[PDB]
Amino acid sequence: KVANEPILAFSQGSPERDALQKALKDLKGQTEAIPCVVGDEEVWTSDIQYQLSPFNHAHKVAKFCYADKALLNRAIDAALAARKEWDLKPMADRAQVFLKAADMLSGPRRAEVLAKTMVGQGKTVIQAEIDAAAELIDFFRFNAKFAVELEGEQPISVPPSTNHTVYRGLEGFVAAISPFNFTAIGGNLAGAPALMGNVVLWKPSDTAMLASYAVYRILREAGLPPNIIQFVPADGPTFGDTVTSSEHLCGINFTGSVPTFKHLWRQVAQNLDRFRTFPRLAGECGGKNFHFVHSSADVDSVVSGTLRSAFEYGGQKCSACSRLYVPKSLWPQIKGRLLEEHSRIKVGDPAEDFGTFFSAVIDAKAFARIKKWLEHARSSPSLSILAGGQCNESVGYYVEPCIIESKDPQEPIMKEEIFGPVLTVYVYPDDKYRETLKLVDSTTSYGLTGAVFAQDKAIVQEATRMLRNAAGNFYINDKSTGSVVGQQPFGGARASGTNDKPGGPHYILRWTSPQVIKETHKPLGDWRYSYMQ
């Protein structure tokens, strides 16, 4: 029996707000030296790297290093040697490690992981809370529940035989490759397979190293044995090349770009004759998510839900709204309100100013990519910047929220994932709402999240049918971000990935390869059959 972790309010004078402020002060001016961890060994290579605070890049929040091919190969060997015993452990015993970790994250370690996510990844208080605390805690508690309950899914036994399913971990090691934008995803990508009796090489994101290592240490402290999860930061291509070259690879649990996932998929395919078994690839690959508005919509909900979806955490979510479809009849209201609220958004230091709505984007490369899109918006004949458009990387990687109108529903900016605070609006004629729904479905290569805002039941039913494959997480009168474990299992198809729905009950099935054992309790008869006589 598990329920969702409460989201704290962080009111003035509250225990959690005081605790968080202390944790933030604990990180001010600090650099943690974070080693690779193989078993219990802390290992340093000469390939030194730094994680910078996105809103103050002079602050090196961590120094770490890239594992080389040799170190990665040692990590593989060490993990494989620990796998059999771990896999033989009762599911309940493995679950206990994650349940203990969840309690630590909920209580004594909450402030630490929130603060490290804020300072290291640039999240505001609430974005860190829903991620590093609530989502991570929920992943650990719900997956533990799902896994313990899965053992109860057993086949039919008929006398004189007894049948039993053993939920084996996969034979080999799993490579877990996590993204910068959610601390919780790292914990799940490495943790879910480990829960199911796998051993894991975890390559955490360079730009989330501080919080990722915090989670790692908590798992170890909660009782995770050595060599079950190896903590191995590495150059992306080097890590991919190394794990896909190992005969013992049995899975890749990936969250990141489509091209990188496709590359790994192709590397595994090139090497099929080397592997002991067919590796399982799981990929969560982003989107180009929509909010579609019908003329019956509640304007205030459209405005607030769209501002949040598009701009929270600087739009750096695979689920963020980046294309808004508005009927002509409502445009003067929605335009006016978006622009007015836009001027009230505070972009700044989220540790020093809790008034901040969102902060700097993650790193120099993200800043550069997003700037290219703002430059495009200034160039394109079909695009007009209505608000925002500024950026400044002198102190932090700061990009202002930007609202653009496109006259072309199929402009590249309507199609390509930017991962920045950049919202494009297309205004459609009221009487062409159906043709426009078709455009929502056909315009992009993605299928992740989408929302419809409408107060007309027939419209909602029609839109729901038409957009069936345009979004794997579909929202009626709510924003396209903020899936909650156990409530909105998350994922989509088309180019958005393999859709294994982490956050729901079936995800863990990807990380078990069941064995069925039949025991017969009476001696066998003759080999002949009666009809043969």
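The numbering used is simple: start at 1 and walk along the sequence shown.
- In this entry, the higher average B-factor at the C-alpha atoms falls on 268-276, of the pair 268-276 and 136-144.
- Taking the mean C-alpha B-factor of each stretch as recorded, 416-424 and 335-343 are not equal, and the higher mean is that of 335-343.
- The top Cα temperature factor in the record, among 363, 456, 241, 131, falls on 456.
- The entry lists C-alpha B-factors for 44, 474, 507, 490, and the highest of these is at 44.
- For residue 54, the recorded CA temperature factor ranks within the lowest third of the chain's modelled residues.
- The entry lists a Cα temperature factor for residue 468 that places it in the middle third of the chain's modelled residues.
- Compared with the other modelled residues of the chain, the Cα B-factor recorded for residue 246 ranks in the middle third.
- Ranked by Cα temperature factor within the chain, residue 429 sits in the highest third according to the deposited record.
- In the deposited entry, the Cα temperature factor of residue 74 places it in the middle third of its chain's modelled residues.
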